[PDB]
Every structure is written in structure tokens, then in C-alpha cells.
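Here is the structure we will look at, set down as C-alpha cells.
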Amino acid sequence: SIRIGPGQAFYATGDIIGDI
Amino acid sequence: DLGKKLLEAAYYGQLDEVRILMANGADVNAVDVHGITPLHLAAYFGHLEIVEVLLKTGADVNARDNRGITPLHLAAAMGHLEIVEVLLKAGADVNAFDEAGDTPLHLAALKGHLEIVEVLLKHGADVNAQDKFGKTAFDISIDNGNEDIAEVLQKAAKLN
Ligand SMILES: [Mg+2]
Ligand SMILES: [Mg+2]
């Protein structure tokens, strides 16, 4: 999944954006 | 319905439709169940003119999604320098922390954007801010081997 560490919140938002 | 169309217009770079929707009463601060606004989407996808129109018509420059991500976080990570500059000029919080504790400076360092790092620093980005993993932007630049960014972050820290 999203790897745990720096950037994880950014990547989670990016993934959500990718599903719109 | 107008808010969903406005989100989609921002996503797909539909500048003229953004103008039309807001003339017809669309909420410039429309927000989805993830906390994402039109301004977030325009910042992420690099739609500079849409960023400008949204701000002119009242978009909250500092909107946080459900993960604490702001439009500035997204533009900084995605390498959109002019958008970064426009957001800062409009009052964007340079040191906004997302739910991982990352600031725009952390993300600009993570994705290796030298001039974005420099602009953030000139607007007061905090070299001492640590994310929830104990990392400053400098630590991130060391971890990803970006010597130029590490050098400018170390200089900023020394001259603070
Ligand atoms: Mg997806
Ligand atoms: Mg450059």
C-alpha cells in the first residue's frame, strides 16, 4: 500500500485524486 | 451539481467552464467528501490560469483536505513553480503541516525541486520543522541524495 514514512499523506491525496 | 461540475472542470483544465460555473452560482469552495476543493485539483494538475481565477473569485488558498494537504503542498510536490508563487502571493501558509507532519518544504525536497525549495525558503519556510518521522526537509534531501537542495537547506539553517 502507501509506504509508511515521509510523503505518505501527500501520496494518499494523490491516490484519491487519481480515482476522481 | 454545480460544485461537482466545478471540481471536474478544475481537474480537466476547463478554464472557460470554471468561469461559466461560477457566474452561474457555483461555490468556489466546493468540497468533496475527501476534503478536496477545485483549488487543490488545479494546483495538483498544473492548471495555473484556473488557480488564478479560483483565487480571484474567493477560493480559500489554505483549504486543507482530510489529510491536511493544502493546494501549496500539491503544487510544491508536483513541480509547479508559478502556481507556488501565486498561492504564496495570495496568502498560502508556507509551513502548513499535513497529517504526516510534512510541510510544502518537505515535499519540495522529497521530489527534488530546487527552485521551489528556494522560493519556499524566501517566504519563510521552516528548516527546523520535523514531520512525524522526525525528518526535516534537509534530512529528506540527504535521504534522496539531492546535494544541491541539501546545500541550500544547510545554508538557510546556518543563516537563520
Ligand atoms: Mg487509483
Ligand atoms: Mg527550476
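Residue numbers start from 1 in every chain, and the chains themselves are labelled A, B, ... in the order their sequence lines are given, proteins ahead of strands.
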Name all residues meeting the side-chain hydrogen bond (donor to acceptor under 3.5 Å, both in side chains) criterion together with [X]; count only those two or more places apart in sequence or in a different chain, and write none if there are none.
X        : result
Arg67(B) : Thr13(A), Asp65(B)
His34(B) : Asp32(B)
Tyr11(B) : none
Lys5(B)  : none

Considering all heavy atoms of both residues, which atom of [X] and which atom of [Y] are nearest to each other, and what is their separation?
X         : Y         : value
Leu110(B) : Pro6(A)   : CD2-O, 4.2 Å
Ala150(B) : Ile142(B) : CB-CD1, 3.8 Å
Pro71(B)  : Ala43(B)  : O-CB, 3.5 Å
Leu6(B)   : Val28(B)  : CD2-CA, 3.9 Å
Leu87(B)  : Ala75(B)  : CD1-CB, 4.1 Å
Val18(B)  : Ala10(B)  : CG2-N, 4.2 Å

How about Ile4(A): does its CD1 atom have over 12 heavy atoms from other parts shown lying under 6.0 Å from it?
no
Determine whether more than 12 heavy atoms belonging to other residues, nucleotides or ligands lie under 6.0 Å from atom CD of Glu115(B).
no
Is there a donor-acceptor pair closer than 3.5 Å between any side-chain N or O of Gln8(A) and the backbone N or O of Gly5(A)?
yes
When the side chains of residues 50-60 of chain B are checked against the rest of the protein, which donor-acceptor pairs come out under 3.5 Å, sequence neighbours left out?
unit_1, atom_1, unit_2, atom_2, d
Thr57(B), OG1, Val53(B), O, 3.0
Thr57(B), OG1, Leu54(B), O, 3.2
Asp60(B), OD1, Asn62(B), N, 2.9

If I take atom [atom1] from residue [X] and atom [atom2] from residue [Y], how far apart are they, to the nearest 0.5 angstrom?
X         : Y         : atom1 : atom2 : value
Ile149(B) : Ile140(B) : CD1   : CD1   : 10.5 Å
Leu88(B)  : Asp93(B)  : CG    : CG    : 9.5 Å
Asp15(A)  : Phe10(A)  : CG    : CZ    : 9.5 Å
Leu41(B)  : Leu7(B)   : CG    : CG    : 6.0 Å
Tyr11(A)  : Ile2(A)   : OH    : CD1   : 9.5 Å
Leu21(B)  : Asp27(B)  : CG    : CG    : 12.0 Å

Just so I know, are the side chains of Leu153(B) and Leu105(B) near enough to count as touching, which here means a heavy-atom distance under 4.5 Å?
yes
Pairwise side-chain contact, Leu121(B) with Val127(B), heavy-atom cut-off 4.5 Å (strictly under):
yes
Hydrophobic clusters join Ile, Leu, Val, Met, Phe, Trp and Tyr when side-chain heavy atoms are under 4.5 Å apart, directly or via other members; which others share one with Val31(B)?
none
Remaining members of hydrophobic cluster (4.5 Å side-chain criterion), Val33(B):
none
Same hydrophobic cluster for [X] and [Y], using side-chain heavy-atom links shorter than 4.5 Å among ILVMFWY?
X         : Y         : answer
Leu72(B)  : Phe45(B)  : no
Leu2(B)   : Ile36(B)  : no
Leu107(B) : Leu114(B) : no
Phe97(B)  : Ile69(B)  : no

Please, which pairs that meet ring pair (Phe, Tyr, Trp, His ring centres under 6.0 Å) have at least one residue in residues 64-90 of chain B, sequence neighbours excluded?
none
Show me the pairs that pass ring pair (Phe, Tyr, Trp, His ring centres under 6.0 Å) and involve residues 127-160 of chain B, at least two apart or across chains.
none
For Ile20(B), all residues meeting side-chain contact (heavy atoms from CB on, under 4.5 Å), sequence neighbours excluded
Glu17(B), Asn24(B)
Give every residue pair that meets the side chain to side chain donor-acceptor pair (under 3.5 Å) criterion with at least one member in residues 121-135 of chain B, sequence neighbours excluded.
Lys135(B)-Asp143(B)
Quick one: salt bridge (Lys or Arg N to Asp or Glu O under 4.0 Å) partners of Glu8(B), sequence neighbours excluded?
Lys4(B)
